[PDB]
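K.L.:
Okay, handing you the structure first.
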Amino acid sequence: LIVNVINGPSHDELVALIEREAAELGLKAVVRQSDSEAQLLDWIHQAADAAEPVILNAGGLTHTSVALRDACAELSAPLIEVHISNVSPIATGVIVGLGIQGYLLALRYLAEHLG
């Protein structure tokens with residue numbers, strides 16, 4: 001049901017695509033853009049506590065942030081990492097270089113893999 005879709009620090013049109021696709025795939029996507037690491041974590045925790053899956057796009061943090069990795073290690077559901085362009089890992093899966101479609105394809109995986 002509830003899929004968190006989160007972006008780290010670095011749009012309106014897109015948020016509708018993911019939202020519409022989730023509705024159409026029988027999910028409910030909460031798409032949120034963070035402006036600081038402290039709330040990125042705030043939001044990963046909320047997701048762990050609620051046992052919710054996460055589609056994450058945060059580059060740079062992926063390679064160094066123990067806090068972020070320890071937050072992600074708390075999840076009871078898949079963590080899919082998405083990267084819009086080509087150029088841890090706790091990530092259950094990774095999609096990179098497939099454009100904005102990566103977000104949608106990650107929704108498609110979550111829709112056929114729900115527990």
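Chains: A, B, ... in order of the structure tokens. Residues: from 1 per chain. Ligands: from 1, in order shown.
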Counting only C-alpha atoms, give me one row per residue of stretch 21-70 of chain A with an atom at most 12 Å from an atom of stretch 97-102 of chain A, showing the shortest contact pair and its distance in Å to one decimal, sorted by chain then residue number, as a Markdown table.
P.N.:
```
| residue | atom | partner | partner_atom | distance |
| --- | --- | --- | --- | --- |
| A:21 | CA | A:101 | CA | 10.7 |
| A:55 | CA | A:102 | CA | 9.7 |
| A:56 | CA | A:102 | CA | 10.7 |
| A:57 | CA | A:102 | CA | 10.1 |
```
K.L.:
Excluding residue A:70 and any residue of its chain fewer than 4 positions from it, enumerate the residues within 12 Å of it, using only C-alpha atoms, and give them as a short mmCIF file (atom, residue, chain, number, x, y, z; two decimals) with N, CA and C atoms, in the first residue's frame.
P.N.:
```cif
data_model
loop_
_atom_site.label_atom_id
_atom_site.label_comp_id
_atom_site.auth_asym_id
_atom_site.auth_seq_id
_atom_site.Cartn_x
_atom_site.Cartn_y
_atom_site.Cartn_z
N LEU A 41 17.02 11.24 7.16
CA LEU A 41 17.02 10.24 8.21
C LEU A 41 15.69 10.20 8.95
N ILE A 44 13.51 8.22 6.76
CA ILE A 44 13.87 6.79 6.72
C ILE A 44 13.40 6.06 7.98
N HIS A 45 13.53 6.71 9.14
CA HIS A 45 13.07 6.15 10.42
C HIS A 45 11.57 5.95 10.47
N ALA A 48 10.99 2.84 8.61
CA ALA A 48 11.32 1.67 9.41
C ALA A 48 10.22 1.39 10.44
N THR A 62 25.07 8.05 -0.14
CA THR A 62 25.23 6.60 -0.33
C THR A 62 26.61 6.08 0.06
N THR A 64 29.19 7.87 1.83
CA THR A 64 29.49 8.16 3.23
C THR A 64 28.30 8.80 3.95
N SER A 65 27.60 7.96 4.71
CA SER A 65 26.76 8.40 5.81
C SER A 65 26.33 7.18 6.61
N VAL A 66 27.06 6.91 7.68
CA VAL A 66 26.75 5.83 8.59
C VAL A 66 25.32 5.97 9.10
N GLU A 74 17.46 -0.42 9.29
CA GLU A 74 16.28 -0.59 10.14
C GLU A 74 15.00 -0.94 9.42
N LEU A 75 15.00 -0.99 8.09
CA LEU A 75 13.75 -1.17 7.33
C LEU A 75 13.23 -2.61 7.33
N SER A 88 26.19 0.03 3.37
CA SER A 88 25.76 0.00 1.99
C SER A 88 26.46 -1.17 1.25
N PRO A 89 25.93 -1.60 0.09
CA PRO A 89 24.58 -1.33 -0.35
C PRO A 89 23.69 -2.26 0.45
N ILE A 90 22.82 -1.67 1.27
CA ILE A 90 21.76 -2.38 1.96
C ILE A 90 20.67 -2.63 0.93
#
```
K.L.:
Counting only C-alpha atoms, which of A:2, A:58, A:7, A:72 gets nearest to residue A:25?
P.N.:
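Checking each of A:2, A:58, A:7, A:72 against residue A:25, counting only C-alpha atoms, the winner is A:2.
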K.L.:
Can you tell me, as a PyMOL selection string, what residues are no more than 8 Å from stretch 50-52 of chain A when counting only C-alpha atoms, ignoring any on the same chain fewer than 2 positions away?
P.N.:
chain A and resi 2-4+46-48+54+75-77
K.L.:
Can I get the selected residues back with N, CA, C and O atoms, as a PDB file, in the first residue's frame?
P.N.:
```pdb
ATOM      1  N   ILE A   2       1.442   1.648   1.142  1.00  0.00           N
ATOM      2  CA  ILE A   2       2.209   2.899   1.237  1.00  0.00           C
ATOM      3  C   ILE A   2       3.669   2.695   0.854  1.00  0.00           C
ATOM      4  O   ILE A   2       4.402   1.981   1.535  1.00  0.00           O
ATOM      5  N   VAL A   3       4.083   3.333  -0.236  1.00  0.00           N
ATOM      6  CA  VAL A   3       5.476   3.338  -0.644  1.00  0.00           C
ATOM      7  C   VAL A   3       6.024   4.742  -0.467  1.00  0.00           C
ATOM      8  O   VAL A   3       5.471   5.716  -0.986  1.00  0.00           O
ATOM      9  N   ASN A   4       7.119   4.842   0.269  1.00  0.00           N
ATOM     10  CA  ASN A   4       7.837   6.093   0.390  1.00  0.00           C
ATOM     11  C   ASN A   4       8.765   6.237  -0.803  1.00  0.00           C
ATOM     12  O   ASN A   4       9.424   5.281  -1.181  1.00  0.00           O
ATOM     13  N   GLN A  46      10.814   7.010  10.166  1.00  0.00           N
ATOM     14  CA  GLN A  46       9.354   6.909  10.019  1.00  0.00           C
ATOM     15  C   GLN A  46       9.003   5.658   9.209  1.00  0.00           C
ATOM     16  O   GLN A  46       8.104   4.911   9.583  1.00  0.00           O
ATOM     17  N   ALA A  47       9.736   5.434   8.108  1.00  0.00           N
ATOM     18  CA  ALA A  47       9.542   4.255   7.223  1.00  0.00           C
ATOM     19  C   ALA A  47       9.873   2.901   7.890  1.00  0.00           C
ATOM     20  O   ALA A  47       9.123   1.931   7.732  1.00  0.00           O
ATOM     21  N   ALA A  48      10.994   2.842   8.614  1.00  0.00           N
ATOM     22  CA  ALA A  48      11.323   1.665   9.414  1.00  0.00           C
ATOM     23  C   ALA A  48      10.223   1.394  10.440  1.00  0.00           C
ATOM     24  O   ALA A  48       9.715   0.279  10.516  1.00  0.00           O
ATOM     25  N   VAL A  54      10.914   1.748   0.662  1.00  0.00           N
ATOM     26  CA  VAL A  54      11.483   3.039   0.270  1.00  0.00           C
ATOM     27  C   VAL A  54      12.128   2.962  -1.122  1.00  0.00           C
ATOM     28  O   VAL A  54      12.882   2.026  -1.433  1.00  0.00           O
ATOM     29  N   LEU A  75      14.995  -0.987   8.085  1.00  0.00           N
ATOM     30  CA  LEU A  75      13.746  -1.166   7.331  1.00  0.00           C
ATOM     31  C   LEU A  75      13.229  -2.605   7.326  1.00  0.00           C
ATOM     32  O   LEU A  75      13.993  -3.536   7.152  1.00  0.00           O
ATOM     33  N   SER A  76      11.926  -2.783   7.503  1.00  0.00           N
ATOM     34  CA  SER A  76      11.301  -4.105   7.375  1.00  0.00           C
ATOM     35  C   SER A  76      10.830  -4.397   5.956  1.00  0.00           C
ATOM     36  O   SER A  76      10.176  -5.409   5.725  1.00  0.00           O
ATOM     37  N   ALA A  77      11.134  -3.515   5.011  1.00  0.00           N
ATOM     38  CA  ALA A  77      10.725  -3.702   3.630  1.00  0.00           C
ATOM     39  C   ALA A  77      11.855  -3.348   2.657  1.00  0.00           C
ATOM     40  O   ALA A  77      12.864  -2.724   3.045  1.00  0.00           O
TER      41      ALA A  77
END
```
K.L.:
Would you compute the distance between atom CA of residue A:19 and atom CA of residue A:96? Give it in Å to one decimal.
P.N.:
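So the two atoms, atom CA of residue A:19 and atom CA of residue A:96, lie 20.3 Å apart.
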K.L.:
Determine the nearest neighbour of residue A:35 from the options A:111, A:6, A:79, A:87, counting only C-alpha atoms.
P.N.:
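Checking each candidate against residue A:35, we get A:6 as the closest.
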K.L.:
Kindly indicate which residue among A:8, A:30, A:68, A:53 lies nearest to residue A:115, using only C-alpha atoms for the distances.
P.N.:
A:53
K.L.:
Please identify the alpha helix (DSSP H) residues within chain A (assignment by DSSP from backbone atoms) and present them as a ChimeraX atom specification.
P.N.:
/A:12-24,37-49,66-72,101-111
K.L.:
Neighbouring residues of stretch 15-17 of chain A were defined as those with any atom within 9 Å, considering only C-alpha atoms; residues of the same chain fewer than 4 positions away were excluded. Please report them as a PyMOL selection string.
P.N.:
chain A and resi 11+21-22+31-32+104
K.L.:
Keeping C-alpha atoms, export the residues of the selection given above as a PDB file, in the first residue's frame.
P.N.:
```pdb
ATOM      1  CA  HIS A  11       9.809  18.311 -10.198  1.00  0.00           C
ATOM      2  CA  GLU A  21       1.552   5.268 -11.499  1.00  0.00           C
ATOM      3  CA  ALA A  22       1.242   4.072  -7.895  1.00  0.00           C
ATOM      4  CA  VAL A  31       6.944  11.416  -2.726  1.00  0.00           C
ATOM      5  CA  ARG A  32       9.043  13.785  -0.679  1.00  0.00           C
ATOM      6  CA  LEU A 104       8.262   3.963 -12.126  1.00  0.00           C
TER       7      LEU A 104
END
```
K.L.:
Identify, with DSSP run on backbone atoms, the residues in chain A assigned to strand (DSSP E), and express the list as a CSV table (one decimal) with N, CA and C atoms, in the first residue's frame.
P.N.:
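See result05.csv below for the written result:
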```
chain,number,residue,atom,x,y,z
A,2,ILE,N,1.4,1.6,1.1
A,2,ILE,CA,2.2,2.9,1.2
A,2,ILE,C,3.7,2.7,0.9
A,3,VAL,N,4.1,3.3,-0.2
A,3,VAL,CA,5.5,3.3,-0.6
A,3,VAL,C,6.0,4.7,-0.5
A,4,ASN,N,7.1,4.8,0.3
A,4,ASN,CA,7.8,6.1,0.4
A,4,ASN,C,8.8,6.2,-0.8
A,5,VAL,N,8.8,7.4,-1.4
A,5,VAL,CA,9.7,7.7,-2.5
A,5,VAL,C,10.4,9.0,-2.1
A,6,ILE,N,11.7,8.9,-1.9
A,6,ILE,CA,12.5,9.9,-1.3
A,6,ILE,C,13.7,10.3,-2.1
A,7,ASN,N,13.9,11.6,-2.2
A,7,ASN,CA,15.1,12.2,-2.8
A,7,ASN,C,15.9,13.0,-1.8
A,28,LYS,N,0.1,3.5,-3.0
A,28,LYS,CA,0.0,4.9,-2.5
A,28,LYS,C,1.4,5.4,-2.3
A,29,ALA,N,1.9,6.2,-3.2
A,29,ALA,CA,3.3,6.7,-3.1
A,29,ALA,C,3.3,8.1,-2.4
A,30,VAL,N,4.1,8.2,-1.4
A,30,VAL,CA,4.4,9.4,-0.7
A,30,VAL,C,5.7,9.9,-1.2
A,31,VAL,N,5.7,10.9,-2.1
A,31,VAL,CA,6.9,11.4,-2.7
A,31,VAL,C,7.4,12.7,-2.0
A,32,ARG,N,8.6,12.7,-1.5
A,32,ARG,CA,9.0,13.8,-0.7
A,32,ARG,C,10.5,14.1,-1.0
A,33,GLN,N,10.8,15.4,-1.1
A,33,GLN,CA,12.1,15.8,-1.4
A,33,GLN,C,12.7,16.5,-0.1
A,54,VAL,N,10.9,1.7,0.7
A,54,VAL,CA,11.5,3.0,0.3
A,54,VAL,C,12.1,3.0,-1.1
A,55,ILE,N,11.8,3.9,-2.0
A,55,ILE,CA,12.5,4.1,-3.2
A,55,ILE,C,13.4,5.4,-2.9
A,56,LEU,N,14.7,5.2,-2.9
A,56,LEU,CA,15.6,6.3,-2.5
A,56,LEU,C,16.5,6.7,-3.7
A,57,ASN,N,16.5,8.1,-3.9
A,57,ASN,CA,17.6,8.7,-4.7
A,57,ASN,C,18.3,9.7,-3.9
A,79,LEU,N,14.4,-1.7,0.2
A,79,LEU,CA,15.0,-0.4,-0.1
A,79,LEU,C,15.4,-0.6,-1.6
A,80,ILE,N,14.8,0.2,-2.5
A,80,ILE,CA,15.2,0.3,-3.9
A,80,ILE,C,15.9,1.6,-4.1
A,81,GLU,N,17.1,1.6,-4.6
A,81,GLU,CA,17.9,2.8,-4.8
A,81,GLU,C,17.7,3.2,-6.3
A,82,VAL,N,17.3,4.4,-6.6
A,82,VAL,CA,17.1,4.8,-8.0
A,82,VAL,C,18.1,6.0,-8.3
A,83,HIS,N,18.7,5.9,-9.5
A,83,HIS,CA,19.5,7.0,-10.0
A,83,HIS,C,19.2,7.4,-11.4
A,93,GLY,N,17.6,-3.5,-4.1
A,93,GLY,CA,17.8,-3.4,-5.5
A,93,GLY,C,18.2,-2.0,-6.0
A,94,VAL,N,18.7,-1.9,-7.2
A,94,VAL,CA,19.2,-0.7,-7.8
A,94,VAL,C,18.9,-0.5,-9.2
A,95,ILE,N,18.4,0.7,-9.6
A,95,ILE,CA,18.1,1.0,-11.0
A,95,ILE,C,18.9,2.3,-11.2
A,96,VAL,N,19.8,2.3,-12.2
A,96,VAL,CA,20.6,3.6,-12.5
A,96,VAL,C,20.6,3.8,-14.0
```
K.L.:
Report the distance between atom CA of residue A:108 and atom CA of residue A:13 in Å, rounded to one decimal place.
P.N.:
19.2 Å
K.L.:
Of the residues A:38, A:14, A:107, A:84, which is the one nearest to residue A:61, using only C-alpha atoms?
P.N.:
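Closest to residue A:61 of all the choices is A:38.
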K.L.:
Let me make sure I understand: among A:91, A:106, A:40, A:1, which one has the smallest atom-to-atom distance to residue A:23 if we use only C-alpha atoms?
P.N.:
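Counting only C-alpha atoms, the residue closest to residue A:23 is A:1.
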K.L.:
Ranking A:59, A:42, A:36, A:114 by minimum distance to residue A:78 and counting only C-alpha atoms, which one comes first?
P.N.:
A:114
